[PDB]
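K.L.:
here is the sequence, then the experimental structure:
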Amino acid sequence: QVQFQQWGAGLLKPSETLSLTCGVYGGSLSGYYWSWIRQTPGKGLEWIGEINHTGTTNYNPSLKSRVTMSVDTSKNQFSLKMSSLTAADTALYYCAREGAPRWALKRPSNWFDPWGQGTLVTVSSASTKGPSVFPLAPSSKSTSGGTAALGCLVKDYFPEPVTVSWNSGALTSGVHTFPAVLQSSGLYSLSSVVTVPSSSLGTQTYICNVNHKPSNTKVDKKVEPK
Amino acid sequence: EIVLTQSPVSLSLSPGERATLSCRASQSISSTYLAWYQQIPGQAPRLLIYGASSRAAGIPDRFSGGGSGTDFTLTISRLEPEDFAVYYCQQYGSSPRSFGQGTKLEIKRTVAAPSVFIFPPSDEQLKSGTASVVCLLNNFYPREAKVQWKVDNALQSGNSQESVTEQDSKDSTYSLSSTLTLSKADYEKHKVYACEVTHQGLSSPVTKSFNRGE
């Protein structure tokens, strides 16, 4: 029943001030400690800090110089502020509650039980850039026994994420959308592929739909054989 | 800081088998201050066990926890398809609360050779002054595979990036995409572009190549 809604800007420059807030539904803040936990994509979990309904806070010692937390009991919300940001602060940020009640000072903490969803926060000096969508055409060298592979390369965009569909979602089987890679440039590049019957080439249309909200970009790229 | 070292890093098993994951703390901690969380890629962590052995509501009895002092264990008696995810350990006896680096529980299936495809750069990218060549490895197992880019038989280094998808939900295979990026001058300076794939399922490396002006 207890769940979270999170908001706060997710794209910042270094040395800006990150501010995130979670509203709590289905349960009150009073009696519990509430924490922020972050996770770099591909990495593990790092606890940031916790606050109770009276404002008692506890922070990770490796972050206490640039992290504060607030609570708004009238709105049943709590907030995190993080300063002197760097690219290393790019991560998914979660709200969580302790699994059991605990008053303002109890030396050993509890476990986390209800976790909220992870919101991506990106810290970079790069400015928002829409992706270039390049076709990956089926050929002689992308066929194998009646099966032809085609796709699209979503290159030089920032920041994450991008959503990729095939034929506006009517095409799903055999689709592989790959995690993006961060280039030296600070821009992202991803690919989406699909294997189809090679007899379908010439009559069946294959279009890749790429949506990048931060740049307000949506591209419908038709992929045609050789 | 209490460091938590999880073991092993990766674990390939099949549904119906027994899994046991270890959590070692750099210092001795009481069992009441240990927890285990499960995480499927793309979703938030989910509480499995707290206080070393207590199961959170909804968690079946096939999940067991124990240990004391410096060493703790999570045991999945008979593995179900739902159970294949990442597993993290956590201590909350000492500030700050620390997590282990995780253990990945992957479905163990039959060796499958990849289907290797190659894609030259499009004309749209060529007018941008850049050329990217793509090589696709489709539906293979296990995850370990080697991709090598060769331009006129010159092995490439520092000019390519690859990405691997999560383990597929129905055939438990992996797929990999590799991108080789050159300037369009460097790209037009050469003729033969090749992707060489090494994998457990192939009796010899498989090369997919093309020529500029095909």
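P.N.:
Right, received. Where do you want to start? Numbers count the residues shown, from 1 in each chain, chains lettered A, B, ... in the order given.

K.L.:
isn't residue A:201 right up against residue A:225?
P.N.:
Yes. In this structure residue A:201 lies within contact range of residue A:225 using C-beta atoms under 8 Å: 4.7 Å. From N, CA and C alone the C-beta is placed, and that goes for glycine too.

K.L.:
quick check: neighbours shared by those two?
P.N.:
A:138, A:148 (C-beta atoms under 8 Å, 6 or more residues apart in numbering or on different chains).

K.L.:
what comes into contact with stretch A:68-88?
P.N.:
A:8, A:12-25, A:28-30, A:34, A:36, A:48-53, A:55, A:57, A:59, A:63, A:65-67, A:89, A:93, A:95, A:123-124.

K.L.:
report the central residue of chain A.
P.N.:
residue A:120 (3.6 Å; C-alpha atoms, centre = their mean).

K.L.:
so after whatever helix or strand that residue lives in, what's the next helix or strand?
P.N.:
Per DSSP states H and E, residue A:120 falls inside strand A:119-123. Next along the chain after strand A:119-123, taking DSSP H and E as the criterion, comes strand A:132-136.

K.L.:
which residues does the helix or strand just after that next one contact?
P.N.:
Following strand A:132-136 in sequence order, the next helix or strand is strand A:143-144 (DSSP H and E). Contacting residues not belonging to strand A:143-144 are listed as A:149, A:198, B:115, B:117 [C-beta under 8 Å, 6+ apart].

K.L.:
for the closest residue to residue A:147 other than its chain neighbours, list each beta-bridge partner.
P.N.:
Spatial nearest neighbour of residue A:147, excluding adjacent residues (C-beta to C-beta, 6 or more residues apart in numbering or on different chains): residue A:195 at 5.2 Å. For residue A:195, the beta-bridge partners are residue A:149 (DSSP bridges).

K.L.:
give me the neighbour count for residue A:195.
P.N.:
The number of residues packed near residue A:195 is 24, by other C-beta atoms under 10 Å in any protein chain shown.

K.L.:
residue B:46 now?
P.N.:
16.

K.L.:
in contact with the nearest residue to it once chain neighbours are set aside, which residues?
P.N.:
Using C-beta to C-beta, 6+ apart and skipping residues adjacent in sequence, the residue nearest residue B:46 is residue B:38, 4.9 Å away. Each residue near residue B:38 by C-beta under 8 Å, 6+ apart is listed here: B:45, B:46, B:48, B:83, B:85, B:86, B:87, B:88.

K.L.:
okay but residue A:192 is in contact with residue A:154, surely?
P.N.:
Yes. Assessed by C-beta under 8 Å, residue A:192 is found in contact with residue A:154 at 7.0 Å.

K.L.:
show me the common contact partners of the two, please.
P.N.:
Contacts common to residue A:192 and residue A:154, judged by C-beta under 8 Å, 6+ apart, are residue A:164.

K.L.:
on that earlier part again, please identify which helix or strand holds the residue nearest to residue B:46.
P.N.:
Using DSSP H and E, residue B:38 sits within strand B:34-39.

K.L.:
dump that strand to PDB, restricted to CA.
P.N.:
In PDB, the C-alpha atoms belonging to strand B:34-39 read as follows (Å, rounded to 0.1, in the frame of the first residue of the first chain):
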ATOM      1  CA  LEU B  34      22.000  -8.500   7.700                       C
ATOM      2  CA  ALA B  35      19.600  -8.300   4.800                       C
ATOM      3  CA  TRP B  36      19.300  -9.800   1.300                       C
ATOM      4  CA  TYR B  37      17.700  -8.000  -1.600                       C
ATOM      5  CA  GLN B  38      16.800  -9.200  -5.100                       C
ATOM      6  CA  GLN B  39      16.900  -7.000  -8.300                       C
END
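
K.L.:
next structured bit after that strand?
P.N.:
Counting by DSSP H and E, the next helix or strand C-terminal to strand B:34-39 is strand B:46-50.

K.L.:
check which helices and strands that next one sits against.
P.N.:
Counting contacts by 3 or more C-beta pairs under 8 Å, 6 or more residues apart in numbering or on different chains; DSSP states H and E, strand B:46-50 is packed against strand A:112-115, strand B:34-39, strand B:63-68.

K.L.:
tell me the buried residues in stretch A:79-95?
P.N.:
For stretch A:79-95, the neighbour count (16 or more other C-beta atoms under 10 Å in any protein chain shown) marks A:79, A:80, A:82, A:85, A:89, A:90, A:91, A:92, A:93, A:94, A:95 as buried.

K.L.:
where's the fourth one, which helix or strand?
P.N.:
Okay, so that is residue A:85. Residue A:85 belongs to no helix or strand, assigned by DSSP H and E.

K.L.:
any idea how far residue A:96 is from it?
P.N.:
Look at residue A:85 and residue A:96: by C-beta to C-beta, to the nearest Å, they are 22 Å apart.

K.L.:
ditto for the second one
P.N.:
According to C-beta to C-beta, residue A:80 and residue A:96 sit 12 Å apart.

K.L.:
picking that back up, how far away is the residue nearest to residue B:46 from residue A:47?
P.N.:
18 Å.
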